[PDB]
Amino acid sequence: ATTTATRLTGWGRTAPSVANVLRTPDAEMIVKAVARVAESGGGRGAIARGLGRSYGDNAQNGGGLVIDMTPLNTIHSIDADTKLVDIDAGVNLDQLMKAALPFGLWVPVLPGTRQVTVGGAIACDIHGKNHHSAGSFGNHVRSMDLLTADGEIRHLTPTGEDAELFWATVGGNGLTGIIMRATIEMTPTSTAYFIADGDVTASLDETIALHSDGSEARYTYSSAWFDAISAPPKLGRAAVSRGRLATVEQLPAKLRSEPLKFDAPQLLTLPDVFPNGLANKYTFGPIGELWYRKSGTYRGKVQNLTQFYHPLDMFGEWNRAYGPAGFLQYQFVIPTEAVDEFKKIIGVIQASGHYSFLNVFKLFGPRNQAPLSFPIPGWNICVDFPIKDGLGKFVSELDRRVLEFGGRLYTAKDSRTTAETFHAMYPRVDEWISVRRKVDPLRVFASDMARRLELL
């Protein structure tokens, strides 16, 4: 319906740029705009935008066009027999999860928030708590319809012709065109619940040992919080949450009558029940230690999505802190075999004088064939630093460390890394760029990130 000049940032609310934002529920209108941008030969180009949950500058285009895809949110079909869903790129994973449950179907890859679009999920090739067993979002896309620079709509599949373009679009950050529509293969489920095992470790060595002892193959889902502030040996201690989807006979009789129902997110969160924090005189001593170890250690606990998958939700408004501004989100992965190198990076972080509380630790499994896919088999870490003197130059050093240890950064979280660091981290970038130049010779699709990371 409308085109509007708008100041656009990522979720991190940093590096703002003004673009013409097109918001239409009409698909033929989206096709026309891309054809109009291409008629000039790609003036300053266009880029799709979803829900803006990426922290960086991948979903903005200063002095150019941004197409909002959220109004394109029709669920065309769900089929329980073939396990397939046909949805527009603008549907979000919360919406899809809600719609698919009554069929006994599960969204195969869920990120730490359900507010992301299908287009957004494919474009960043998002990963979730179950990566080691299921791969990333791209692994589960059976087909997609891509609007290219030439104004045509190409029907892509993971195998067969245009496979190269499919796998370039996966993790392509919108730089091969606009995903309009997609078929996802879902995971069959009989309940909307998990069976969980909790474990708490005392150190980083202990956290690594737990992930290396072969136990990870017993759980489809697995992730941890870790201590990034304490000095060794407390550095790297973890609360690990692992589990699998439950069967209906594994549910208590109470919940057996509605196995696939989703519980309404509660009104009262912890900040509302305890306004003045959780800490008491015991918290930071040996009794405090024992309490966390006991509460974080359990076997066969039945949990809903909110409990098992979104454990930050109970903590309400407290620590993000004031928002995602002003904090710098930083995520990387170090190859599995590089255990000593990974241990070094963690030590570098704690000695930096930059303090992160909100921490994710997860061991990734095998990678996919997308040349710009973020995930590789290894140690995935997410940290959250308050913007503060010396931070920029510190994370540049972290970049060097990650790069040197065979790892990489994640575009969905980045806003500040250099093109050189990035290109070295992604050794298949030239291969990907070649594909991009075949499908968009005029640079009809472009973004701040494309220009910054020299993927243009």
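Residue numbers here begin at 1 and follow the sequence given. We call the rigid core whatever largest set of C-alpha positions still superposes within 1.5 Å between the two forms.
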TODO: Give, as the answer, the stretch of 289-297 and 248-256 that departs more from the shown form in 8 other deposited structures of this protein; the measure is RMS Cα distance after a core fit.
DONE: 289-297
Open item on the list: I want to check something about residue 208: across the other compared entries that model its neighbours, is it left unbuilt in at least a third?
Closed with: no
Open item on the list: Among the other entries of this protein that were compared (only those with both neighbours built), does residue 361 lack coordinates in at least a third?
Closed with: no
TODO: Would you tell me which stretch averages the higher CA B-factor in the PDB entry, 306-314 or 200-208?
DONE: 306-314
- [ ] Would you mind comparing 345-353 and 263-271 for me and telling me which has the higher average C-alpha temperature factor in the entry?
- [x] 263-271
Task: Selection from 299, 244, 131, 256 [criterion: highest C-alpha temperature factor in the record] - done: 256
Task: Member of 102, 135, 323, 174 with the greatest C-alpha B factor (per the PDB record) - done: 323
- [ ] Pull the Cα B-factor of residue 113 out of the PDB entry and bin it into the chain's lowest, middle or highest third.
- [x] middle
Task: residue 43 - Cα temperature factor, lowest/middle/highest third of chain - done: highest
Open item on the list: Lowest, middle or highest third: which one holds residue 64 when the chain's residues are ordered by CA B-factor from the entry?
Closed with: highest
TODO: Could you tell me which third, lowest, middle or highest, the C-alpha B-factor of residue 193 occupies within its chain?
DONE: middle
TODO: Compare the C-alpha B factor of residue 377 with those of the other modelled residues in its chain, then answer lowest, middle or highest third.
DONE: lowest
